[PDB]
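Shown next, in C-alpha cells, is the structure this report addresses.
There are 2 protein chains.
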Amino acid sequence: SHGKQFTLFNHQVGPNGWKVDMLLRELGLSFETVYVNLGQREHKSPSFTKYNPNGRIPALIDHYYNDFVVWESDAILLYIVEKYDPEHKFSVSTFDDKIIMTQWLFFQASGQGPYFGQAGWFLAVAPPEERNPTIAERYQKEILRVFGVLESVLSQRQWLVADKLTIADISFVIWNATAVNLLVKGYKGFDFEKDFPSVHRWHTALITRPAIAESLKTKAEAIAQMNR
Amino acid sequence: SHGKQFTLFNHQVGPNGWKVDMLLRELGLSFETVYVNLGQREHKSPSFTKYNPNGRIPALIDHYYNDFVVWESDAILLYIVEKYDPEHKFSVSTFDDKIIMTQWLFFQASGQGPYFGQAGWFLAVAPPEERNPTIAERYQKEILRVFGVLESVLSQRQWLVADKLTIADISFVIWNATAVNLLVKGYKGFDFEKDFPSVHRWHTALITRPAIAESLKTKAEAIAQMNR
Ligand SMILES: N[C@@H](CCC(=O)N[C@@H](CSSC[C@H](NC(=O)CC[C@H](N)C(=O)O)C(=O)NCC(=O)O)C(=O)NCC(=O)O)C(=O)O
Ligand SMILES: N[C@@H](CCC(=O)N[C@@H](CSSC[C@H](NC(=O)CC[C@H](N)C(=O)O)C(=O)NCC(=O)O)C(=O)NCC(=O)O)C(=O)O
Numbered sequence: 001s002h003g004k005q006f007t008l009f010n011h012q013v014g015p016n017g018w019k020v021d022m023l024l025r026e027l028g029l030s031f032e033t034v035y036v037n038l039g040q041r042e043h044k045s046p047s048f049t050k051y052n053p054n055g056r057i058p059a060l061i062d063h064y065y066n067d068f069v070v071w072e073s074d075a076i077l078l079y080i081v082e083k084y085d086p087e088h089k090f091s092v093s094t095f096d097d098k099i100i101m102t103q104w105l106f107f108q109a110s111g112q113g114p115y116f117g118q119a120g121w122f123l124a125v126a127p128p129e130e131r132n133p134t135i136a137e138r139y140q141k142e143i144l145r146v147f148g149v150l151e152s153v154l155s156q157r158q159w160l161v162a163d164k165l166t167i168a169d170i171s172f173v174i175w176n177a178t179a180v181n182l183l184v185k186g187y188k189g190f191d192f193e194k195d196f197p198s199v200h201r202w203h204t205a206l207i208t209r210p211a212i213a214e215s216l217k218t219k220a221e222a223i224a225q226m227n228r
Numbered sequence: 001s002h003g004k005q006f007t008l009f010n011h012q013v014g015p016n017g018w019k020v021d022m023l024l025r026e027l028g029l030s031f032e033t034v035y036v037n038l039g040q041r042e043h044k045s046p047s048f049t050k051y052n053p054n055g056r057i058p059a060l061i062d063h064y065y066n067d068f069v070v071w072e073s074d075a076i077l078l079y080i081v082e083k084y085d086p087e088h089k090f091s092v093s094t095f096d097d098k099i100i101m102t103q104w105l106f107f108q109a110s111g112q113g114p115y116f117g118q119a120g121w122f123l124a125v126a127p128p129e130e131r132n133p134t135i136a137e138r139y140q141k142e143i144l145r146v147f148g149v150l151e152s153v154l155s156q157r158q159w160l161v162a163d164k165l166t167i168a169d170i171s172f173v174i175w176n177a178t179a180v181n182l183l184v185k186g187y188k189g190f191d192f193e194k195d196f197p198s199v200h201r202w203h204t205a206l207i208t209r210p211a212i213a214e215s216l217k218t219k220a221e222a223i224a225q226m227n228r
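Sequence order for the protein chains is A and B. Every letter in the first sequence is one number past the one before it in this note's numbering, and letter 100, counting from 1, is 100. Every letter in the second sequence is one number past the one before it in this note's numbering, and letter 13, counting from 1, is 13.
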C-alpha cells in the first residue's frame, strides 16, 4: 500500500464535502475520506480546528504538497483545479473566464449553500422538535428563487462559464440534489422538470456523469453504513 | 468632465456593496455609484438583471475594459485586485498566499454575510411586523461564533493572510460594523472589546484607515439623504 495524495475530511449526511469528492473522482486523484463525527463535536475539537479554525467540514490535506491544508469547499475546488487540472478538463485558462467561474462559485457559496441549508435546518436536520415548516417556507421560496435564476441563464447556455463543464457547475450539484429530493419535494406542487426545465437538463447531465454518479452512490452507502 | 472607470451598483442600507466601495477608495480608482432601489424592485427588473441574473447588488461595470461586468461582492474584490493592484497593496502574489486569501473570502461570503444577514432580517430589516427576535437569536449566536473563530486566529496573526492587509480582511469590515453596532449590540451583555479583543483590535485598525473611514462616512450620509 501507498499513502494516498489527499485526506478529505467529509461527513456522510452534510452536503458540502461531496463537491470535493465529485471533483477528485472526476480527475482520478487518490484520496482517503475521514468522516468527522459532528455528534461528539469532533469538528469543534483541537484535533480538527487545527485544520479549520471555523470547525466545519470539508477540509483537505494535500500530502504530496507538504501537507498543505485548504478549507471552504469551494476554495478546495479552486485549489484542486489550479494545481491538478493542467488540461483544464474542469476549469478555464483565461483571466476573463477565471473571474467569471469564480463569480459563479461565490454565488454557489453565498446564495445556494447557506439558504438551502436553512431550509434543511428548519425542515429535516435540526433536532426533531426544533424543526419548523413555517420558518422553513421562507428558505424553500429562496430555493425556488435560486432555481429561477439558474433557469434564466441555463435556457441560453449549456454550462455556466465558457460553454464547458467546470467546477462552477459541479459546485451546485449536491445541494440541488438535496433540494429536489428533500427540501422542496412536495412543496406547492414542485415538479423539477416542469418548473425548471433548463435547470433539470443541466442537473441531469451532471448527475449522470460516471464520477458524479459514483460520488452520489458512495454518499448513499456511507449514510446507510452509519446505522450498521 | 470624463467618464469614470467603474459603475458600482450599490445600496445605501445594505452592507455588501460597501466592501467594493472601500477597495476602490483604497486604490484611488475612479467610480460612479448608482443606488438601485430595492423598493420598486428595480434590482429584479430587466434593466438590472441584464447585469446580474441573481438580481442582487453589488454589480460592477469596468468601462475601461469594454464594459466588463462582475457581480458577487467578493468576486468583484478579486477582479479589482487581479487587474488593478499590480503592487499587491491589498492582495498577494504567490499561489500559496492567493489560495488562502481566497479561502478567507469564501469564509466571509458563505459564513459571515448570509448568517449575519439572517440576524439582520429577523431583527431590523424585514418588514416591521415580520421581525422576530426569537428566530433572530439563532443568528445572533452564529455572529458570536464567527467572532470566536476570528478571535482564535487574530490573537496570533495581525492580518488574515501573509501578515499583510488584503481584501480578505477588508471583506469582513462592513458586516462586522453592522453586527457590533446593531445585530448584537445589547445582546446578552455583548461588549466587543471585552468579549473579542483581537477581533476588536483588527476591526478598529481597519475602520480607522482613511479610505475605509471615508467609505463608512459616505454610507451614513447616503442613508441620511434618502429621507431628504
Ligand atoms: N461554506 C462552508 C460550509 C461548510 C458546512 O456547512 N459544513 C457543515 C457540514 S455540511 S451540512 C449543511 C450545513 N448545516 C449545518 O452545518 C447544521 C448545523 C449548523 N451549525 C447550523 O446551526 O445550521 C449548512 O447549512 N451549511 C450552509 C452552507 O453550505 O453554506 C458542518 O461542518 N457543520 C458542522 C457544524 O456546523 O457544527 C463550505 O462550503 O465548506
Ligand atoms: N452574496 C452576495 C449577496 C448580495 C446581497 O445580499 N445583496 C442585497 C443588498 S445587501 S442587504 C443584506 C442581505 N439582505 C437582503 O437582501 C434582505 C432581502 C432578501 N431578499 C431576504 O429575503 O433576506 C443579506 O442578508 N445578504 C446575505 C449576504 O450578504 O450573504 C440585495 O441586493 N438584496 C436585494 C434582494 O435580495 O431582493 C454578495 O456578496 O454580493
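Here a beta-carbon is modelled for each residue, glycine too, at the ideal position from N, C-alpha and C.
Practice item. Check each residue of the segment 59–80 of chain B: if its Cβ is closer than 7 Å to any Cβ of chain E, include it; give the result in chain order. Key: You won't find chain E in this structure, because its protein chains are A and B.
Exercise for review: Identify the contact partners of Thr218(A) in chain B, using a Cβ-Cβ distance below 7 Å as the criterion.
Suggested key: For the purposes of this step, residue 218(A) is identified with residue 218 of the first sequence, where counting begins at 1. Here the premise fails: no neighbours, minimum Cβ distance about 24 Å.
Check your understanding: Would a check of beta-carbon distances place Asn181(B) closer than 8 Å to chain A?
Key -> Reading the second sequence from its first residue, position 181 is the one you call residue 181(B). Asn181(B) does not count as touching chain A.
Point to revise | Any chain A beta carbon closer than 8 Å to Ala224(B) | key: By 1-based counting over the second sequence, the position of residue 224(B) is 224. Answer no: the Cβ-Cβ gap between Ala224(B) and chain A never drops below 8 Å.
Check your understanding: Between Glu72(A) and ligand 1, is the CB less than 7 Å from at least one heavy atom?
Key -> Taking the first residue of the first sequence as 1, we reach residue 72(A) at position 72. Correct: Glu72(A) has its Cβ closer than 7 Å to ligand 1.
**Study point:** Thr166(B) classed as buried or exposed, judged by whether at least 16 other C-beta atoms fall within 10 angstroms
**Key:** Walking along the second sequence from the start, residue 166(B) turns up at place 166. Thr166(B) is buried by the Cβ-count criterion.
**Study point:** Which listed residue (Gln118(A), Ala220(A), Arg131(A) and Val125(A)) has its alpha carbon closest to that of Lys141(A)
**Key:** Locating residue 141(A) in the first sequence gives position 141, counting from the first residue. Measuring from the Cα of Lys141(A), the nearest candidate turns out to be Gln118(A).
Exercise for review: Between the Cα of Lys185(B) and those of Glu137(B), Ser215(B) and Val161(B), spot the shortest distance and give me the residue it belongs to.
Suggested key: What you label residue 185(B) is simply residue 185 of the second sequence in a count that begins at 1. Checked all of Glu137(B), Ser215(B) and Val161(B); the closest Cα to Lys185(B) is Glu137(B).
Practice item. In angstroms with no decimal places, state the Cα-to-Cα distance between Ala213(B) and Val20(A). Key: Looking up residue 213(B) in the second sequence gives position 213. Looking up residue 20(A) in the first sequence gives position 20. When rounded, the distance between both Cα atoms is 39 Å.
Check your understanding: Using 8 Å as the limit for Cβ to Cβ distance, is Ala162(B) near chain A?
Key -> Numbered from its first residue, the second sequence carries residue 162(B) at position 162. Closer than 8 Å: no.
Point to revise | For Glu151(A) and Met226(A), the rounded distance between their alpha carbons | key: The residue you call residue 226(A) lines up with position 226 of the first sequence. The residue you call residue 151(A) lines up with position 151 of the first sequence. Rounded to the nearest angstrom, the two C-alpha atoms are 36 Å apart.
Check your understanding: In terms of residues, what are the limits of the beta strand (DSSP E) holding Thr166(A)?
Key -> Along the first sequence, one-based indexing puts residue 166(A) at 166. Looking at the DSSP string, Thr166(A) is not in any beta strand (DSSP E), and its letter there is neither H nor E.
Check your understanding: What residues from the segment 116–127 of chain A come within 8 Å of chain B, judged by C-beta to C-beta, listed N to C?
Key -> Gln118
Point to revise | chain A residues whose Cβ lies nearer than 9 Å to that of residue 251(B) | key: Because chain B is modelled from 1 through 228, residue 251(B) falls outside the range shown and cannot be assessed.
Exercise for review: Write down the C-beta distance between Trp18(A) and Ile174(A) rounded to the nearest angstrom, noting that I regard them as a contact closer than 8 Å.
Suggested key: For the purposes of this step, residue 18(A) is identified with residue 18 of the first sequence, where counting begins at 1. For the purposes of this step, residue 174(A) is identified with residue 174 of the first sequence, where counting begins at 1. So it is a contact: roughly 4 Å between Cβ atoms.
Check your understanding: Within 8 Å (strictly less), CB to CB, does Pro53(B) reach chain A?
Key -> Within the second sequence, residue 53(B) is the residue found at index 53, counting from 1. Judged by the 8 Å Cβ criterion, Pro53(B) is in contact with chain A.
Check your understanding: Does the beta-carbon distance from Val149(A) to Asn54(B) come in below 8 Å?
Key -> Taking the first sequence and counting its residues from 1, one reaches residue 149(A) at position 149. Taking the second sequence and counting its residues from 1, one reaches residue 54(B) at position 54. Result yes, Cβ atoms of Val149(A) and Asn54(B) sit closer than 8 Å.
**Study point:** Continuous alpha helix (DSSP H) stretch holding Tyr79(A): start and end
**Key:** For the purposes of this step, residue 79(A) is taken as residue 79 along the first sequence, with counting starting at 1. Note, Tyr79(A): alpha helix (DSSP H), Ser73 to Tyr84.
Review point. Do we get a CB-CB distance below 8 Å when we pair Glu142(A) with the residues of chain B?
Key: Working through the first sequence from its first residue, we reach residue 142(A) at position 142. Not one chain B Cβ lies under 8 Å of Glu142(A).
Check your understanding: Beta-carbon of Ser152(B) versus every beta-carbon of chain A: anything under 8 Å?
Key -> Position 152 of the second sequence, counting from 1, holds the residue named residue 152(B). Taking Cβ atoms only, chain A reaches closer than 8 Å to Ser152(B), which makes this a yes.
**Study point:** Top-ranked residue by Cα proximity to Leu24(B), from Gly3(B), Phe90(B) and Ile57(B)
**Key:** Your numbering for residue 24(B) matches position 24 in the second sequence. Nearest option by C-alpha distance: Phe90(B).
Point to revise | Terminal residues of the beta strand (DSSP E) in which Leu8(B) lies | key: In the second sequence, residue 8(B) corresponds to position 8, counting from 1. Counting along the chain, the beta strand (DSSP E) containing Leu8(B) begins and ends at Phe6 to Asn10.
Check your understanding: Excluding sequence positions up to five away, which residues of its chain have a Cβ less than 8 Å from the Cβ of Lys4(A)?
Key -> Along the first sequence, one-based indexing puts residue 4(A) at 4. The residues are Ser30, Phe31, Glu32 and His63.
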